[PDB]
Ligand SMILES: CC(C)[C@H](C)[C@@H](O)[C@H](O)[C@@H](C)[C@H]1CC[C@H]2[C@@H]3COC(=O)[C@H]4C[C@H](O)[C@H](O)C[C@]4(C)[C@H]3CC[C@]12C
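Only one chain comes next, encoded as structure tokens, the form solved without ligand BLD.
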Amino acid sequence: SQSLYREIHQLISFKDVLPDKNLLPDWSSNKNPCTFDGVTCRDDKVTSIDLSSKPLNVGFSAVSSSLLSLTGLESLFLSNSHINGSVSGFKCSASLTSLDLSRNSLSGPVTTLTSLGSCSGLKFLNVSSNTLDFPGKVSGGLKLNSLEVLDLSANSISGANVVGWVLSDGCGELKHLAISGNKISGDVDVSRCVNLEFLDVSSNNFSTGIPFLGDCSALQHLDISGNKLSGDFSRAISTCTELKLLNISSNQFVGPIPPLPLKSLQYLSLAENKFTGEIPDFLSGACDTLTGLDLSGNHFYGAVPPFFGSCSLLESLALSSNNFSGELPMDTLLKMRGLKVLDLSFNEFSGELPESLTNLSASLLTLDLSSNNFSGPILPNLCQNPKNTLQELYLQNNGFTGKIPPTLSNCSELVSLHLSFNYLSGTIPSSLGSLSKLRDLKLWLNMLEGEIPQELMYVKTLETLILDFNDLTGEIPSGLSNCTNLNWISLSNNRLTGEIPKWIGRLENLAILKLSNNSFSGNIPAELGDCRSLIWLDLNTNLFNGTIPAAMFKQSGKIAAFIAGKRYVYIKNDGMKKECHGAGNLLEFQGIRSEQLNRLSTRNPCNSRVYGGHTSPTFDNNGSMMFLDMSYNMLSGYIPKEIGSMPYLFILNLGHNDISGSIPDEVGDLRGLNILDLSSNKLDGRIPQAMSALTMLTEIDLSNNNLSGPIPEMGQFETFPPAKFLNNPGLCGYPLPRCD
């Protein structure tokens, strides 16, 4: 036939316009397209093409001209295919049923989509994750009332009543409308869309009316989350008898939980609003079907009602960041046969942990009790129940006393263990070495004693070891060398001894090493220079000595930084108190209230400058050290000129050592430098004029040295007070007295 002749010539013309033709190596002239990778055939005819996640790097016009006009083509999948340009008029086969152009670079007004009316059989359209917008006046209509499924999410569509524009020429056929992640506002009226099953208008700019749903006869999924809505959503959905998922989270709803349609409800989220009061008894009506409940981040209080025992299907219950109280309602929890995630964090539950909690160890995946006022010991009998499934145990920021139950080694599925901010005494059980899947061990701010267990070597998966603020002793166990995936080691504020092992150069995943305020000693191992992920090195307040090895900077410019997305807290030191040392403590802060930072004050001579966030380096490839504090040690000799080879270095603290020689002119290359402390050393010579080039300095200290001659007049030096240059006899020039 001709369509066969035409099919093959159309496919190859397309292949030929690709900048990297090597992309479709088995597509070739004089070969049957039904044997081509990417192609689906039925009865020797092409029915589908899927070139998704291939970087075609071509424009839509190539697509519409070569592919969309193919006789008999039923679907075209081109997600994440580096297609750019915009849609416009073309000839389109009548059999084309589905078009997926998601995750591309289509641009232009969303009205360009109207030209897909050419495709008279088009029922499913995905253009999510592009840059389609809506310039100015919202008039006319999209004119694609034949669609069953339309996804316009994650575009650049900003405007009022864009939804009216989509539905203007009818929506009797529409089953699924998604338009989340834009900047759309105004009215949402889908009452004429009597077949609509799925509506997602989340993460937009709605702040007026609640969506009008009319009879709401087929609606199963309603997501209006991530807006600024308030008002009577209860009345709006009261007719929705088929509703399975209702997500109204992250809005501005206030008041108690109002009536809800419960007979079909599987997932409910009211999280991150301003709801008040107690959980009402009438919610028992969903217990036949409810699968997920989320009430987090409101102002709820009281206790978890008894009726929840009948919710035998409830898999996850999240109630964090409210004000629930009383004891852990074990009587109710134990009936929840299907429960898998339990999150009561950031409330005021109190009392000791009930013995019966040991049964849940066999059903739960996540147990999060962090940031409550629990007291007593961690259940020793925990994970007795053979076939322990528990993966995540979060008990941080409570009032637990006693030992860390070695028993915890029986929860053999554990990937994450956070017992920080408690009053735990005793040792770190050697048996934790058994947790062969453990990635995160966080035990900081307790009273743990004894040595860091050698047996940790048995945990190949270990990524974070956070042991700060305890009473630990002994040396860094050689065993940790086997833990090659470690990316965050924090041992500060203990009483550890010995040297930094040279095997540390072996850990090529290690981004953060914090060992401040201990009694570590000897030389800084040149081997640190071998760590290719290292961006945060804190050794302040120890007994280190020898000279700073030039080699430790060999990675500069070669660093790519698995460390991001972890909640941290950075407590900046004010030079006000002399007992307070270092630039500042970077600390892990998952599941802990900042209000409880005051717990540190019995363990920390530091008075109040707090920087929150989630870890997030600034480069992605070819960066360098970002933080280097080696202050308050006994380092000597001169500063290597390779010190200047770190353009991402925000902070440099070498204060309070015995460093001598002159300041290398290469310090002037540290263009990202915010802080520079070299105070209380034996540095001499001149401040290099090269340092006039730095533009990001917020703090400098060069006081208590033997520096001499004039302070550089250009750059930022005139900006700092005399105090920063005191006790340098040969030193003159503003902010000091003019030079003789």
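Each residue number is its position in the shown sequence, starting from 1.
Below: the form solved in complex with ligand BLD, not depicted.
With the site C-alphas superimposed, the ligand pose in the deposited bound form sets ligand BLD onto this chain such that no atom is closer than 2.4 Å to backbone or C-beta atoms; an open site results. Taking a 4.5 Å heavy atom cutoff to ligand BLD in the deposited bound form, the contact residue among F650, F589, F553, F233 is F650. Scanning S53, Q689, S69, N674 against ligand BLD in the deposited bound form with a 4.5 Å heavy atom cut-off leaves one residue, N674. Across the proposed site, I210, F253 and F275 without exception lack any heavy atom within 4.5 Å of ligand BLD in the deposited bound form.
Only one of 87 to 95, 138 to 146, 359 to 367, 650 to 658 lies within 4.5 Å of ligand BLD in the deposited bound form by heavy atoms, and it is 650 to 658. Looking at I512, you'd find a heavy atom of it within 4.5 angstroms of ligand BLD in the deposited bound form.
Shown alone here, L438 lies farther than 4.5 Å from ligand BLD in the deposited bound form, counting heavy atoms only. Residue contact check for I500: none of its heavy atoms lie within 4.5 Å of ligand BLD in the deposited bound form. Within 4.5 Å of some heavy atom of ligand BLD in the deposited bound form lies at least one heavy atom of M626.
Taking ligand BLD as it sits in the deposited bound form, the stretch 568 to 591 comes within 4.5 angstroms of it through a non-hydrogen atom at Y568, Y570, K572, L586.
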